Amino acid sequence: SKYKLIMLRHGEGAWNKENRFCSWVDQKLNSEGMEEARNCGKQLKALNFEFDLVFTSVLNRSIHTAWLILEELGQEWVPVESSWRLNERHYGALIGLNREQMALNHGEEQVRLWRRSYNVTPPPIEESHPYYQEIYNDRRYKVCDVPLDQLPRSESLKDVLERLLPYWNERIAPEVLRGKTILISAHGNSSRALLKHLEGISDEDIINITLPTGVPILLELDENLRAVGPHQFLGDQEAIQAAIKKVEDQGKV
């Protein structure tokens, strides 16, 4: 049969205000990020969505986004399942740096390639990074399918897809085949990776997809779990276009 699922990326926290690369640092939502989640929830309630399962990353800003949506829906009882495989892209040594400053030191166009291209890998994160130990000693990164030493230290979009797709295949997609209505609370680049796979977007074209924060993304799938058309945003068409331009402008002088 036809299938329908919602994906979204969370709203803003402090480092978004400061225009810093956040990636695997576990920054909390701020007050307006929490409101963005509630607005998604209200939108989803206005369309009478009834979720059967929620999938999230292990970064708390994506879990809190999911809890906030469920509360607006009166669906706090719906199962939630979290995996590092949905984490934001690991940005290596760019973690914590200002974007517009990078665009100064290397050009607007080196920055765009670092952020949106499919294949270029960021400089790895090194033991001298102020947040190295906070990331890799965190107990949430033990309980899994990969030894702590084989966790990544930086990721291209391609690397994201390769550790994300096994989770889609083994956990998410079988529930979709089952007929359940699913919510994915993830991140900018882990959602771009999933969209690239489901929509058959080229290595070249994925560069041009920028996802707005805190906005529901409706995806329709066919009986082979491929997209029927392009992903669609729920909410006002202009306000969303302005919101996309914002994320694009973080990397511009």
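Residue numbers run from 1 along the displayed sequence. In this text, the rigid core denotes the largest set of C-alpha atoms whose superposition between the two forms falls within 1.5 Å.
Asks: Would you mind working out which of 112-120 and 85-93 sits farther from this form in 8 other deposited structures of this protein by RMS C-alpha distance, with the rigid core as the fit?
Replies: Output: 112-120, the stretch lying farther off on average in 8 other deposited structures of this protein.
Asks: Output the stretch, either 20-28 or 231-239, that has more C-alpha displacement from this form in 8 other deposited structures of this protein following superposition by the rigid core.
Replies: Looking at 20-28 versus 231-239 in 8 other deposited structures of this protein, the farther one turns out to be 231-239.
Asks: As stated in the PDB record, which stretch has the larger average Cα B-factor, 121-129 or 81-89?
Replies: Comparing 121-129 with 81-89, the higher mean C-alpha B-factor belongs to 121-129.
Asks: Quick check: 131-139 versus 152-160, which has the larger average CA B-factor in the record?
Replies: Averaging CA B-factors over each stretch, the winner is 131-139.
Asks: Per the entry's Cα B factor values, which of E100, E76, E175, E170 stands out as the maximum?
Replies: Of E100, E76, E175, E170, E100 has the highest C-alpha B-factor.
Asks: Would the CA B-factor of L5 place it in the lowest, middle or highest third of its chain?
Replies: Within its chain, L5 is a middle-third residue by C-alpha B-factor, going by the deposited values.
Asks: What third of the chain, by the recorded C-alpha B-factor, contains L70?
Replies: Lowest third.
Asks: Using only modelled residues of the chain, where does the Cα B factor of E204 rank: lowest third, middle third or highest third?
Replies: It belongs to the highest third of the chain when residues are ordered by C-alpha B-factor.
Asks: Place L59 in the lowest, middle or highest third of its chain's C-alpha B-factors, as listed in the PDB entry.
Replies: Bottom third by C-alpha B-factor.
Asks: Thinking about Cα B factors across the chain, which third does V228 belong to?
Replies: Within its chain, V228 is a highest-third residue by C-alpha B-factor, going by the deposited values.
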